[PDB]
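Notes follow the structure.
What's counted below: heavy atoms across the whole structure, side chains too, no hydrogens, waters or symmetry copies. Indexing begins at 1, ligand by ligand and atom by atom, following the structure's order. Chain letters run A, B, ... following the sequence lines, proteins first and then strands; every chain starts at 1.
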Amino acid sequence: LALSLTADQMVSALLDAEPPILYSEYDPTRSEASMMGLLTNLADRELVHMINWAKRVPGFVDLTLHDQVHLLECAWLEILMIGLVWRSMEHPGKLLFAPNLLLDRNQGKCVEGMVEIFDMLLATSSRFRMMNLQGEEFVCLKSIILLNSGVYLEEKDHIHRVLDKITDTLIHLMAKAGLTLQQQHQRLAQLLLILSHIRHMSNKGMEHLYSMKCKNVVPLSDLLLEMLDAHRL
Amino acid sequence: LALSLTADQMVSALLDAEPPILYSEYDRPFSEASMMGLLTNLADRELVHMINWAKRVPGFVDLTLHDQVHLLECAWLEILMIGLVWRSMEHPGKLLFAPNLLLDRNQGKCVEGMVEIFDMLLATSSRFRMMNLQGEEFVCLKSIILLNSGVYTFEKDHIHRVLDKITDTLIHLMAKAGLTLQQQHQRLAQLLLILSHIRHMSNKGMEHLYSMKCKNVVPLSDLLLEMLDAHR
Amino acid sequence: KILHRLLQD
Amino acid sequence: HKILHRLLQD
Ligand SMILES: Oc1ccc(-c2nc3ccc(O)cn3c2I)cc1
Ligand SMILES: Oc1ccc(-c2nc3ccc(O)cn3c2I)cc1
């Protein structure tokens, strides 16, 4: 079903599947508990939409239910983070967790160990802005993360077929943007090398989240726990 | 001085820079302390060769000392691991830490928290094998890891220029092997997506290594401790 | 598993 | 005062 899909049809499907931009419960007044509260609350609500987005990613529903769970359990924070980074592109020096929740590096210090993650997120956003990342490219990268981060038994062969399909899609986009063959491969590489850093940020974020769960700072939803326990920290 | 290099000259320079394959202590079934002992001892000796390998990576000497340090501190376990995975490519089901140190999967359970890391490494190795990864491709990936992994953690323009050079080099190799244009960028994608998993394994390894320190299972070298302390 | 049922709907 | 400093410059 997803194999017999053109590049323009692939972009369209991904664009149409995009989750909404959710608001925060942030009321402007003057902590670590509140700031962590707002973030975990937002992620919990976003997670619900991520599932329905994931099901609209071409090829995902073809996988078994067990393998769907595994891919989401592995990549959910990566996916949330690349979304965050994308929303923050036009906001230098700041992270747009929600339209009503725009935080800078300084406010990240309110939560211990968080300013390190903030700095990495900001650099990724700055890197996106440097490359002038397009929305058509962003949705490709995000769906790549979903499929790639957990795939490492004809299931794997189907996932790689879809991944290759998304790769052709990215090249198709860059060819339309006027890039030469050389510039096409180079950008493709540059974009895919970002994913390594997004993995890193997610690894660090997961440990930080686990640290906030054991310290019993702010509480976590049952959904967030099961996503957190999946990484076994 | 690295950007003015041709694709074949880039391959040759990297191939010539390859560190040696070191040996472990040649001798008794492993305990948790002994198995960690060999691994940390091996890595400590490999680290010395990695620095000299890194300096021979085109463009790396052009960077400041601080930048060089930062890239190595960030990527040293990734680099050790992709080497391990590459060495283990001809030994399915096993991890070739050293020619006299072949570990399957059951031996990974000697150390607590280790068997999960073994499985990820074996999966990476099985993946390389499936793709029929070439040595020329491998040395490109390893150097890419060196230059990429710490670059968003800071001169940055120079590193990205060298990264682009290695991309052209990879494509050049695939064009040689007869792969069509479509197959070229598809394989390029497949290869670079492995690095996301190599990054994942390093982070798990870093925490696990740090865990062995806290439990004081085995004393770590000052160098290993310093590479370790550069992380969370 | 909440994720399981949530993928089932 | 890094050991890595020494290894890189010799
Ligand atoms: O869209 C979102 C929502 C939440 C996060 C997020 N970032 C962090 C960092 C540390 C931590 O402990 C939790 N985090 C969360 I939840 C990112 C993007
Ligand atoms: O060539 C090498 C040498 C050592 C490692 C390595 N892998 C681990 C995993 C966990 C841990 O605590 C230490 N590790 C080491 I040292 C890999 C490749």
### Query
Between B/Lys109 and B/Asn106, is any side-chain donor less than 3.5 angstrom from a side-chain acceptor?
no
Taking 4.0 angstrom as the limit and counting only heavy atoms of [X], give me the atoms of ligand 2 inside it, by number and element.
X: B/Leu80; value: 1 (O), 18 (C)
X: B/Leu39; value: 16 (I)
X: B/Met114; value: 9 (C), 10 (C), 11 (C)

### Task
Look at the aromatic rings of B/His197 and A/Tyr152 and report parallel, tilted or perpendicular, splitting at 30° and 60°.
parallel
### Query
Taking 4.0 angstrom as the limit, do B/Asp229 and B/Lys213 come out as a salt bridge?
yes
### Query
Does a side-chain N-to-carboxylate-O contact under 4.0 Å join B/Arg87 and B/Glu46?
yes
I need the atoms of ligand 1 closer than 4.0 Å to a non-hydrogen atom of [X], numbered in the order shown.
X: A/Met36; value: 12 (O)
X: A/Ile117; value: 10 (C)
X: A/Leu209; value: 12 (O)

### Task
Could you tell me whether A/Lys142 sits above the aromatic face of A/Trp86, with NZ or CZ closer than 6.0 angstrom to the six-membered ring centre and within 45 degrees of the axis?
no
### Query
Is the number of heavy atoms from other residues, nucleotides or ligands under 6.0 Å of B/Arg45 CZ greater than 12?
yes
### Message
Does atom CG (A/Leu225) have a neighbourhood of more than 12 heavy atoms from anything else shown, all under 6.0 Å?
### Response
yes
### Query
Is there a heavy atom of A/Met206 sitting under 4.0 angstrom from any atom of ligand 1?
no
### Task
Would you mind telling me if ligand 2 is within reach of the side chain of B/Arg87, the backbone, both or neither, using heavy atoms under 4.0 Å?
side chain
## Note on the structure
Heavy-atom proximity to atom 10 (C) of ligand 2, picking from B/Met201, B/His208, B/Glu78, points to B/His208
### Message
Geometry only, no angles: is B/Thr40 polar-contacting ligand 2 at N/O separations under 3.5 Å?
### Response
no
#### Entry: Spacing of SG belonging to B/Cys110 relative to CE belonging to B/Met35, to within rounding of 0.5 Å
6.0 Å
### Task
Give the residue and atom name of whichever protein heavy atom lies nearest to atom 7 (N) of ligand 2, and the separation in Å to one decimal.
B/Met81 CE, 4.1 Å
### Query
Can you tell me the protein heavy atom closest to atom 5 (C) of ligand 2 and the distance?
B/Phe97 CE2, 4.0 Å
### Task
Verify the ring-centre separation between A/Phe128 and B/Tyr152: is it less than 6.0 angstrom?
no
### Query
Backbone, side chain, both or neither: what part of A/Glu46 comes under 4.0 angstrom of ligand 1, heavy atoms only?
side chain
